[PDB]
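Peer 1: Mind looking over this structure? Questions follow.
No value in this document is a laboratory result; all are computed from the given coordinates. No Cβ is skipped: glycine too gets one built from the backbone with ideal geometry, and neighbour counts run over all protein chains shown.
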Amino acid sequence: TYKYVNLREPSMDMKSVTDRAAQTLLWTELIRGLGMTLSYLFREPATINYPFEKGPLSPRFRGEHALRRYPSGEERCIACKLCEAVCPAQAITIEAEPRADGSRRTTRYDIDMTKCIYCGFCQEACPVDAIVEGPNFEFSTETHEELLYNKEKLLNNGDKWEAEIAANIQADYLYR
Amino acid sequence: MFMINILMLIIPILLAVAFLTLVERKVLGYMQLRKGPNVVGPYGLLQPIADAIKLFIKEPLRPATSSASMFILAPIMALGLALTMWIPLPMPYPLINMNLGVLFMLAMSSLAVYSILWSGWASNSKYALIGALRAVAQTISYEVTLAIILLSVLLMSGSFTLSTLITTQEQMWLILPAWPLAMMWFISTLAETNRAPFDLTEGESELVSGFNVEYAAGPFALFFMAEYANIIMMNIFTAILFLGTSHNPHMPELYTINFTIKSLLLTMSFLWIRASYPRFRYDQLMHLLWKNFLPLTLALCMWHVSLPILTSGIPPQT
Amino acid sequence: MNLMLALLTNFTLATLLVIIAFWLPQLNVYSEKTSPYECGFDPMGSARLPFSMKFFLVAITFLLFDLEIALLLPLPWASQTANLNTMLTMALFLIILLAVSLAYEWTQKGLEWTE
Amino acid sequence: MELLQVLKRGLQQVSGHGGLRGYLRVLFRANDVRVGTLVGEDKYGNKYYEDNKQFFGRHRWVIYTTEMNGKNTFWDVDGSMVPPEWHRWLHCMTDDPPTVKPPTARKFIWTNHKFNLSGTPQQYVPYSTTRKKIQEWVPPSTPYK
Amino acid sequence: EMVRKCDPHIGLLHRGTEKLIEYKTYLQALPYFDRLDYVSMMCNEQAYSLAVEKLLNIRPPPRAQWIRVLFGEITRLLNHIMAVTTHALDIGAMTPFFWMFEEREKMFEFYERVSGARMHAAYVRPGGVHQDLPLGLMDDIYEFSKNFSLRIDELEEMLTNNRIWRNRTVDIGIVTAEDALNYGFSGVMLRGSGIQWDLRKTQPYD
Amino acid sequence: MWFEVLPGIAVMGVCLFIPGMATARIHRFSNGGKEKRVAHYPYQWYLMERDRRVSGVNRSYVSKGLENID
Amino acid sequence: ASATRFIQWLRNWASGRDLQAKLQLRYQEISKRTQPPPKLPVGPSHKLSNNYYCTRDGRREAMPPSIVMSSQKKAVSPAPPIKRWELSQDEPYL
Amino acid sequence: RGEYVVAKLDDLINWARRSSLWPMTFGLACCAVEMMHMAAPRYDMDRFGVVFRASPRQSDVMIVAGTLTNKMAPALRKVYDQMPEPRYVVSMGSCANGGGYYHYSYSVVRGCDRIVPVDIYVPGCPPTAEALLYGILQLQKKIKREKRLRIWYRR
Ligand SMILES: CCCCCCCCCCCCCCCCCC(=O)OC[C@H](COP(=O)([O-])OCC[N+](C)(C)C)OC(=O)CCCCCCCCCCCCCCCCC
Ligand SMILES: CCCCCCCCCCCCCCCCCC(=O)OC[C@H](COP(=O)(O)OCCN)OC(=O)CCCCCCCCCCCCCCCCC
Ligand SMILES: CCCCCCCCCCCCO[C@@H]1O[C@H](CO)[C@@H](O[C@H]2O[C@H](CO)[C@@H](O)[C@H](O)[C@H]2O)[C@H](O)[C@H]1O
Ligand SMILES: CCCCCCCCCCCCO[C@@H]1O[C@H](CO)[C@@H](O[C@H]2O[C@H](CO)[C@@H](O)[C@H](O)[C@H]2O)[C@H](O)[C@H]1O
Ligand code: SF4
Ligand code: SF4
Ligand code: SF4
């Protein structure tokens, strides 16, 4: 089915013709448009009072990255490199070796946050919930070098944000 | 004591202009479902001060290809002439009482156009030139109709003196016997002030910034102050012409309050109109005035010559 | 005097604002900064090249019409004449000939811009 | 009259903030003089408010502390001062404030939140976390040749 | 100001997307389609997903197909708000942009709630969608959809019968039905000239 | 809310009220408490110039009444 | 929602609509930001028997293209002519 | 005291410049859509004194909102040079920050800071409208820290 957006014939009875003459001379349809903007003047504005108020977000929000731990404090990451393999941007760089206790752990874990596209594939790929995108989006920096995260930065992010990250994962892990 | 009176005219003009910029941004904002400046000072009251200081400590640029003297002259003319427009205004007493105040205002409005033409030409850049030549077309569009609209109204006042319009409208606003002319006058002032939907010589979405695209910092501010001063002055002129305030010689401040309220609301209407409509095409502006207003203005001019004579109500010469 | 004093004060105030604007701020002038603006790419051809005027005929008509209002602006004074029969006839005569000239230019397509 | 009731609410805001001095402090710090229900306060002094009659997005807000981590934040406030436990509630990722549903405690979680440290001596500086890969031969310290 | 010739020079945003895709797996290449027409993110994902599902010879499940249509039409609303309001903003009518971008902001919330991203969701994938709708989302889409037609009415009150708007758009850029087909036009650029064509009707998907 | 636009309007209104009030009051101060004399036509200027001589203090606005005719 | 009665009347009149029935600002009709956990269904291949992958393997049913002609009676069209669209009965003319 | 005066004068000019930041109407790709959402009613950047102006001569900030390609690089540098000073550059999004998804392309500049100096880097792809607003407020607090007159006094 289709419809015509603009295929109508104006009527030619004297009343309709005068109605259009009054429209042309008295600007009635322009006055009508002024009414709409006037109504908006007296509507409450939609503006929120940032930074004292914040736009709403959901548990799935993809923000700044963080490396997580088990409740014992051991790192979850076991250097499988799945996140590195899937990263569409090649933003992840990893090196690994047996730890002094034999554990399979990384010695390098970098995320170039200026390469990253904040797609969340890395956290989908991680089999142990080690790498996540946290809820923080307020981490703009004054220098480029400050956005080249190494393992120490990412672990500090996890320790900094774990309280929120764990609750966000609790809310959404049953959709995953 | 006259020098003091001059300063008590132009210092307030510039302060009113600065806070008209804040008012416009708030009025547009709320009409756009937002707030507008409300952080710099309470309710944004210091925002005009911040912008003014910002611009005058910004680096001013003289373009490599520009004609230096004319580049500097044009903004000086713009603001100088804008302030000159205010001296014959009766609020209720003019600073300068002129026999032909209306004719003086017409002449000074024509001279102010050259601050657009010369700034655009002196910039020696294509967008600036295009903006200036749009000002030529705009002036050609409205100037003839604007003068004849005034003439038809003055056939009821009887003189070219601005203060006589107060006497003329002591019983009734001239908006009643001449609302068709008020309609056409009001539109002509939007074109005269380069205001939306006739903001063509700047035409941001088309010409980036048009005639003033090469201007920065203080020289640019002069053009902004000029335009906003003319917007207020032309609505005071509209209030005097068509919404005459009664004048009590012993309480002249009652006139000033009533007249100031009327002029403010007319200025708010300019912002309201900017919020509501799309922009004209500058050839469509020329056809609006010449093919619609001018035939009607000529007819109404004939009518307002005959009407006083046929009703035996010709006004006094004095 | 009052008039000349008022004009001098206005244009002196404007001049002082320009003097402050140029001498107060810190400047850093180099070639690229002062180059002509054209949306990021260098201009092609001088801005002094001829710019065709498509409303040239309306512009000439404006000159003739702009002199008509000089002839009409005295009408408020002319209405004080005792010889109102002649004055009203000549006032209407002048305005009609202005309307006839407008109608001629309109019907002859003088008000359409050259394409 | 309603126009009178409106003026009464405006004056209640001056008392609701503890007087003209308190009313002016919030007007100049936050450009907002609304009064809300105190949902809670965090260990840095940030106070959290709600008013569910306000529209979604304006129904929760924080008045930042005036001093955090040795920094004077009376005029300098930024969104990175909200700690993670309140971050979830303030952004409406959850309905429950940390007062009612406190986060799970871990011994490795930061006890002291830190705001954005860019531009300061505490800023992060990147470096390679791996040890040198090739070991160079060190010549003997004795002469013998 | 007569236009004697238009010579559009493009490539100022050419980023070798098509060469880059040759170095990605099919999953890794999906987010590149969010960033093509970056106002219609999920519609671009869907086109790529249908292509891969066709070469795979697999079919997405019915619920994913319904979610794809649902968010395809939410995306169409996103696109048309941007198309109309920025078009009006260029012609000088700046106020519809602000009224309608508040609606766009609320639709960005739907994107973020299903995917975690307001714009580049990477949500539609070959095989279906990445995650199921969070509980309570369809209620909120209904609340938004309930009020939206009134917002379109306000937009039409500002423009549709405005004489200034009509003067700027009526008989401007007329293209004939024959030229549009031969020049490779599609979508509204065909239907504006009377051609009765819409792939959702003639070559339906999902 | 829209009434938060009012403060800027009031400031604009006060500034625009000043020139009219100032001109009116400076005229009274400079013309012995009265309105400034308006002389659009030569006759009005003639009388004003005559008042300057009649005043005896070279001010056209110092009036002389019956007390000046013996 | 907090507008006074006169202001509601004024903006209702100016716009010609009843704006209070469809406010563009969200209040309490929106969902709670905390929800009960989901329990999502499984797919048709979640079975313990009669579920051999080789009977549900779409990729292995894809075939190389059929060669119709290579270089190693009535006229036809690619498909039947398209049926003419019918006018909408919801609202044929805008 | 000279120091007290220049300290207060620094506060005035710093306050005026950060309170009245006019970005150039300059956008490149997807990130410009979030920049549009900062001007939209929810965030209303105008309420901080942040107003877009088309002309570089009347702009104080360049927000590089999107991928910078090699073909575009000379134009971006041109309009940056044509901004009067003081001027600031905000790098928005991974593309502008360092190439992002197109870092390895033959046609993309690996970070706009190869072309212009950058004051603030806003991460994300795209950064949310609120994240960009956080970056602008960060720029304001940087301007507030400037010590031009204090350093001039001690020259
Ligand atoms: C409606 C009109 C509105 C007008 C608004 C007027 C602005 C009011 C606020 C004024 C604040 C004080 C001015 C400071 C801004 C100066 C610009 C700047 O940042 O320079 C940084 C420069 C920094 O210089 P620097 O030495 O540190 O380094 C620059 C050199 N390189 C590039 C190598 C590093 O400061 C100065 O050079 C001098 C500062 C002096 C401050 C006192 C100003 C005295 C004013 C007299 C100037 C002489 C000309 C006469 C002008 C008319 C006098 C009023
Ligand atoms: C006793 C005998 C009496 C004899 C005398 C009788 C005289 C009265 C009867 C004569 C008719 C009265 C009306 C005359 C007013 C002028 C009318 C007019 O000129 O409008 C026509 C004009 C063109 O419209 P358009 O459709 O584009 O083209 C027509 C076809 N060619 O349309 C336009 O102008 C469009 C303008 C667009 C820009 C508008 C932007 C502002 C709109 C809001 C302004 C509201 C008006 C407020 C006025 C305030 C006054 C202080
Ligand atoms: C292209 C060419 C167009 C030419 C058009 C010319 C149109 C002229 C129309 C006639 C205009 C004047 O019309 C004429 O005016 C005079 C006075 O003004 C009127 O005269 C009337 O008033 C005057 C005084 O005011 C009395 O002296 C007279 O007794 C009385 O009849 C005439 O009754 C009227 O017929
Ligand atoms: C005494 C003063 C008052 C009397 C009016 C005086 C002005 C008269 C104006 C011209 C009247 C006749 O001349 C004019 O001819 C042209 C023919 O090209 C017509 O113009 C025609 O094309 C133009 C442009 O599309 C449009 O105005 C209109 O669509 C159409 O009518 C005008 O409708 C007609 O008005
Ligand atoms: S979010 Fe995407 S681009 Fe960023 S590190 Fe993870 S997989 Fe790579
Ligand atoms: S996918 Fe997880 S466990 Fe594997 S390397 Fe990445 S962060 Fe470590
Ligand atoms: S950083 Fe991301 S959102 Fe921004 S332009 Fe690049 S791909 Fe688009």
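Peer 1: So which residue, out of C:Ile19, C:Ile96, C:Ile60, gets the largest mean-square fluctuation from a GNM of chain C using Cα contacts under 10 Å as springs?
Peer 2: Looking only at C:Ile19, C:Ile96, C:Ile60, the biggest GNM fluctuation is shown by C:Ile19.
Peer 1: Give the angle, between 0 and 90 degrees and rounded to the nearest 10, that separates the Cα long axis of helix B:294-310 from the longest principal axis of the Cα atoms of chain B.
Peer 2: 30 degrees
Peer 1: Something else: Taking the Cα centre of region C:7-107 as the origin and placing charges on Cβ (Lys, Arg +1; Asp, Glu -1), which of C:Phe22, C:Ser79, C:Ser52 is farthest toward the positive end of the dipole?
Peer 2: C:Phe22
Peer 1: How much net charge surrounds H:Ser59 when only other residues with a Cβ under 9 Å from its Cβ are counted (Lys, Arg +1; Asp, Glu -1)?
Peer 2: Details: positive: H:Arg53, H:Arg57, H:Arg87; negative: H:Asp60.
Result for the local shell: +2.
Peer 1: Which listed residue (B:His250, B:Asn292, B:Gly203) has the Cα farthest towards the positive end of the charge dipole for chain B, taking +1 on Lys and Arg C-beta and -1 on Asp and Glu C-beta about the Cα centre?
Peer 2: Sorting the options by dipole projection puts first B:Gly203.
Peer 1: So how far, in whole Å, is the C-alpha centre of region H:99-134 from the one of region A:1-51?
Peer 2: Cα centroid to Cα centroid, the span is 43 Å.
Peer 1: Here's something else I'd like to know. Name the long-range amide H neighbours of A:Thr141: under 5 Å, sequence gap of 5 or more, or other chain; modelled H, no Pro or chain starts.
Peer 2: Residues meeting the criterion, in which the H sits 1.01 Å from N, are H:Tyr121.
Peer 1: Oh, and also: Averaged over F:48-60, how many beta carbons belonging to a partner chain fall within 10 Å of each residue's beta carbon?
Peer 2: On the way: counts 0, 0, 0, 0, 0, 0, 0, 0, 0, 0, 0, 0, 0.
Shielding by partners across F:48-60 averages 0.
Peer 1: Charges on Cβ only, +1 for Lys and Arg, -1 for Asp and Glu, centred on the Cα centroid of the protein assembly as shown; of D:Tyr124, C:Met1, E:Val69, which one is farthest towards the dipole's positive end?
Peer 2: Looking along the dipole axis, the top candidate is D:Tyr124.
Peer 1: Let me have the 222 nm mean residue ellipticity of chain A computed from DSSP H runs of 4+ only, each contributing -39500 (n - 2.57), with the sum over all residues rounded to the nearest 500. Could the numbers behind the result be given before it?
Peer 2: Details: 5 runs with 59 residues, N = 176.
One gets -10500 deg cm²/dmol as the mean residue ellipticity at 222 nm.
Peer 1: Do any GluC sites (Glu not before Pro) in region A:1-89 lie in a DSSP loop with no more than 14 other beta carbon atoms within 10 Å, and if so, which? Let's see the in-between values first.
Peer 2: Numbers: sites: A:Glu29, A:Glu53, A:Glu64, A:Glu74, A:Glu75, A:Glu84; in loops: A:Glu53, A:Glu64, A:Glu74.
Sparse-neighbourhood loop GluC sites (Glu not before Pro): A:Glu74.
Peer 1: Also, quick follow-up: Are there chymotrypsin sites (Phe, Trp or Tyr not before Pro) in region G:1-62 that DSSP puts in a loop and that have at most 15 other Cβ atoms within 10 Å, and which ones?
Peer 2: Values: sites: G:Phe6, G:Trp9, G:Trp13, G:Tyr27, G:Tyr52, G:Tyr53; in loops: G:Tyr27, G:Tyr52.
Counting only loop positions with at most 15 other Cβ atoms within 10 Å, the chymotrypsin sites (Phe, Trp or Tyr not before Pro) in region G:1-62 are G:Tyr27, G:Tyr52.
Peer 1: Rounded, prolate or oblate, given the Cα gyration tensor of chain E, with a/c below 1.5 counting as rounded? Don't skip to the answer; put the middle values down first.
Peer 2: Working: a/c = 1.80, a/b = 1.29, b/c = 1.39.
Cα axes put chain E in the oblate bin.
Peer 1: A further question on this structure: If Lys and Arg each add +1 and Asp and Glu each add -1, what is the summed charge of the other residues whose beta carbon sits under 13 Å from the beta carbon of D:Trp61?
Peer 2: So the environment of D:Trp61 carries a net charge of +2.
Peer 1: If you line up the long axis of helix D:2-16 against the longest principal axis of chain D, both from Cα atoms, how many degrees apart are they, to the nearest 10?
Peer 2: Here the helix axis deviates by roughly 50 degrees.
Peer 1: Also, I was wondering about something else. How much mean residue ellipticity at 222 nm does chain B get from its helices, if each DSSP H run of length 4 or more adds -39500 (n - 2.57) and you divide by all residues, to the nearest 500 deg cm²/dmol? Can you show the working numbers first?
Peer 2: Numbers: 12 runs with 213 residues, N = 318.
For chain B, the value works out to -22500 deg cm²/dmol.
Peer 1: Okay, next question. Please work out whether chain G counts as rounded, prolate or oblate from its C-alpha gyration tensor, where a ≥ b ≥ c are the square roots of the eigenvalues and a/c under 1.5 means rounded, while otherwise a/b larger than b/c means prolate and anything else oblate? Before the final figure, lay out each step's value.
Peer 2: Details: a/c = 4.87, a/b = 1.63, b/c = 2.99.
Oblate shape, in that a/c is at least 1.5 and b/c is the bigger or equal ratio.
Peer 1: Which whole number gives the average count of other chain Cβ atoms within 10 Å of the Cβ atoms across peptide D:31-44?
Peer 2: Working: counts 12, 4, 1, 1, 0, 0, 0, 0, 0, 0, 0, 0, 0, 0.
Averaged over the peptide's residues, the number is 1.
Peer 1: Averaged over H:106-116, how many beta carbons belonging to a partner chain fall within 10 Å of each residue's beta carbon? Don't skip to the answer; put the middle values down first.
Peer 2: Numbers: counts 5, 7, 5, 0, 2, 2, 1, 3, 0, 0, 0.
Taking the mean over all residues of the peptide, I get 2.
Peer 1: Follow-up question, since we're still on this one. What is the distance in Å between the Cα centres of region H:47-84 and region G:2-66?
Peer 2: Each part reduced to its Cα centre gives a spacing of 39 Å.
Peer 1: Which longest run of chain E has no exposed loop site in it, a site being trypsin sites (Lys or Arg not before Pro) in a DSSP loop with at most 12 other beta carbons within 10 Å, and the site itself not part of the run?
Peer 2: E:6-206
Peer 1: Mind jotting down the distance between the C-alpha centroids of region E:136-206 and region F:13-62, whole Å?
Peer 2: Centre-to-centre distance over Cα atoms comes out at 68 Å.
Peer 1: Using the C-alpha gyration tensor of chain B, what are the square roots of 5 times its eigenvalues, in whole angstrom, with the largest one first? Walk me through the numbers on the way to the answer.
Peer 2: Values: eigenvalues 216, 114, 74 Å².
That gives 33, 24, 19 Å for the three semi-axes.
Peer 1: Using the Kyte-Doolittle scale, find the helices of chain C whose mean hydropathy is at least 1.6 and whose Cα atoms extend 30 Å or more along the helix's long axis, counting only whole DSSP H runs. Present the calculation step by step, with values, prior to reporting the outcome.
Peer 2: Working: long enough: C:2-23 (31 Å, 1.94); C:84-107 (34 Å, 1.65).
What comes out of the filter, once short or polar helices are dropped, is C:2-23, C:84-107.
Peer 1: Next question. What's the whole-number percent of alpha carbon pairs in chain A lying beyond 24 angstrom?
Peer 2: On the way: 8754 of 15400 pairs.
So the portion of pairs separated by more than 24 Å is 57 percent.
Peer 1: Then there is this: In degrees between 0 and 90, to the nearest 10, how far off the longest principal axis of chain E does helix E:41-56 point, with axes built from Cα atoms?
Peer 2: The angle comes out at about 50 degrees.
Peer 1: Mind listing the Cα extents of the protein assembly as shown along all three principal axes, in Å, largest one first?
Peer 2: That gives 130, 100, 81 Å along the principal axes, largest extent first.
Peer 1: At a temperature of 10 °C and a viscosity of 1.306 mPa s, determine how fast region F:7-70 diffuses translationally according to Stokes-Einstein, using the Kirkwood radius over alpha-carbon pairs as Rh; express D in µm²/s, rounded to the nearest whole number. Mind dumping the intermediate values first?
Peer 2: Values: Rh = 14.2 Å.
In µm²/s, the coefficient is 112.
Peer 1: Could you list, bin by bin from short to long, the percent of Cα-Cα pairs of region E:89-184 in 10 Å steps?
Peer 2: Per 10 Å bin, starting at 0, the Cα pair percentages come out as 12, 28, 25, 26, 9.
Peer 1: What is the calculated FRET efficiency for A:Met14 to E:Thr25, with r their C-beta to C-beta distance and R₀ = 41 Å, to the nearest 0.05? Could the numbers behind the result be given before it?
Peer 2: On the way: r = 72 Å, r/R0 = 1.77.
For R0 = 41 Å, the calculated efficiency reads 0.05.
Peer 1: Using the alpha carbon gyration tensor of region C:7-107, what are the three equivalent-ellipsoid semi-axes (square root of 5 times each eigenvalue), largest first, in whole Å? Don't skip to the answer; put the middle values down first.
Peer 2: Working: eigenvalues 510, 145, 9 Å².
The answer is 51, 27, 7 Å, longest axis first.
Peer 1: Which of the trypsin sites (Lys or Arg not before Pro) found in region C:1-109 are in a DSSP loop and have at most 12 neighbouring Cβ atoms, other than their own, within 10 Å? Don't skip to the end; give the middle numbers.
Peer 2: On the way: sites: C:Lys33, C:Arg48, C:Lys54, C:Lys109; in loops: C:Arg48, C:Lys54, C:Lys109.
Sparse-neighbourhood loop trypsin sites (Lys or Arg not before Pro): C:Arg48, C:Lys109.
Peer 1: In addition: What is region H:90-143 by shape, rounded, prolate or oblate, if you read a ≥ b ≥ c off the alpha carbon gyration tensor as root eigenvalues and call it rounded for a/c under 1.5, prolate for a/b larger than b/c, and oblate otherwise?
Peer 2: Values: a/c = 4.58, a/b = 1.64, b/c = 2.79.
It is oblate, given that a/c is not under 1.5 and a/b is not larger than b/c.
Peer 1: Taking the Cα centre of region B:1-138 as origin and charging only Cβ (+1 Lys, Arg; -1 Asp, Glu), how large is the dipole, in debye to the nearest 20?
Peer 2: On the way: 9 positive and 3 negative charges, 86 e Å.
The dipole magnitude comes to about 420 debye.
Peer 1: I would also like to ask the following. I want to check a number: in chain A, how many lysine pairs have alpha carbons closer than 22 Å, given a sequence separation of 8 or more or different chains? Provide the component values of the computation, followed by the final result.
Peer 2: Details: A:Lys54/A:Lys160; A:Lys81/A:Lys115; A:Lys81/A:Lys151; A:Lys81/A:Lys153; A:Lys115/A:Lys151; A:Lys115/A:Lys153; A:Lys151/A:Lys160.
Going through chain A pair by pair, I get 7.
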